[PDB]
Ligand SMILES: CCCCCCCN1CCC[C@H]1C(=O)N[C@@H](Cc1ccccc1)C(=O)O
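What follows is one chain in structure tokens, specifically the form deposited without the ligand.
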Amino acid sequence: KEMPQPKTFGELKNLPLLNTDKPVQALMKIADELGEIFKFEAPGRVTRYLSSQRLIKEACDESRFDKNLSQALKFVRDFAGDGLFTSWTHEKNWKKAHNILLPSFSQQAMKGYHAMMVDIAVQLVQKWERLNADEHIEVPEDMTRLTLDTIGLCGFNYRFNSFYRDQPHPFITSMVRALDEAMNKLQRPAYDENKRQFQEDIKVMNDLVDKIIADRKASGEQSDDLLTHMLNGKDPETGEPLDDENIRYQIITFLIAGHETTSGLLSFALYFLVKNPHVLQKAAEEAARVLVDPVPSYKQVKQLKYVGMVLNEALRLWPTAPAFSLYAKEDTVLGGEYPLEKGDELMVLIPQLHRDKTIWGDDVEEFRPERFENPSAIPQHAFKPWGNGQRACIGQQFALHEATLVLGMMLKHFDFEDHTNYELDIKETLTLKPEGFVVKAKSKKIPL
């Protein structure tokens, strides 16, 4: 009846218990002590963290709870605007863009992005093929190079050329610095340079994207990217198209929502494979059996079943956008025991949900891809790395097609060594990633 809550320390409330730069991991330990639900207060706010499948199934009821824009999302909204990720469900542009963009993110639509994803995936393989004997790979760095370039090419036919550079394209440098500033604002005279840089970074981003939109309208070119689709699509509901300003925000939004979530997933998957050589072997065996052509076809990517299972299991242990926020649309009672008032906030703690022992068995820390051999049997709302319902990840199919393709090619072309015996260090920002994860690859010398 009364909601569990950690010890409060006078006016600091529960704040002294989260003195870390890894709040999700610390929250997971509080959940281990207090259970499926706890309230957490700090001087400014009140939130409630949910961890069990039984209560998350209720939180995922869209007639009762809707997506809440957390303080992180409101800060990201300063450059992501009313793009899909940082808009409220009730905003007109949320619904218009959702309806217009769904068909361009479907599984069927991946067939059209496939050649551009293969283009960047070949650049990564060649990079690693061309390393001399004494070098090594920086995993999350290379994966981020890949996902940024893939989203840029597939999103608006623009090449950041990240594998040609030490220093990223100026757009990228400004987007990542703006994102970093947005997240750093959470924990805050001498912030005047921060502010001016943020405004400069926003201007860099808007100018380039507005310029690419204007160039495309002026040429009439039609391409296999999302920009063509947004320029020509009309919302079936209102009959209206997106305006140019919103199309820019969607472009920025695809990059910010997709770049690190997807690179983190590839990095965590490669981490789990090198730490479990028998799993790596089974995945590599499938890659060799399936990828018989010089470059993978769309159909071959879809037959990489075990590779997909490895990605799902990496997502189960370390979902790379680890928490999403919801608000009660109306007064309601959660689980028959906890009364909530209209507007009360809930946080879904995804990694902890994914460790619910009543669903997955007592062995939740083990890396076992076989858990996903029959997806249809997993209980409803037990596995939620893509968020929920109409506010779920629109990029799901794109992220999985990209990651499946890339990991399959990695496993086909190289043998991997965890030459430093890397100790997992999970950095938390908007996303999760195995910071400093490094490997050596040994070419299998299989021609592209």
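Position 1 is the first residue in the sequence shown; the rest follow in order.
The discussion below concerns the form deposited with the ligand bound, not included here.
- Residue 72 is the only one of 340, 202, 72, 137 with a heavy atom lying within 4.5 Å of the ligand in the deposited bound form.
- Proximity of residue 125 to the ligand in the deposited bound form: non-hydrogen atoms within 4.5 Å are absent; the residue sits far from the partner.
- Proximity of residue 53 to the ligand in the deposited bound form falls outside the 4.5 Å heavy atom cutoff.
- Shown alone here, residue 27 lies within 4.5 Å of the ligand in the deposited bound form, counting heavy atoms only.
- Taking non-hydrogen atoms only, residue 439 never approaches the ligand to within 4.5 angstroms in the deposited bound form.
- Of the candidate stretches 72-80, 274-282, 300-308, 357-365, only 72-80 contains residues with a heavy atom within 4.5 Å of the ligand in the deposited bound form.
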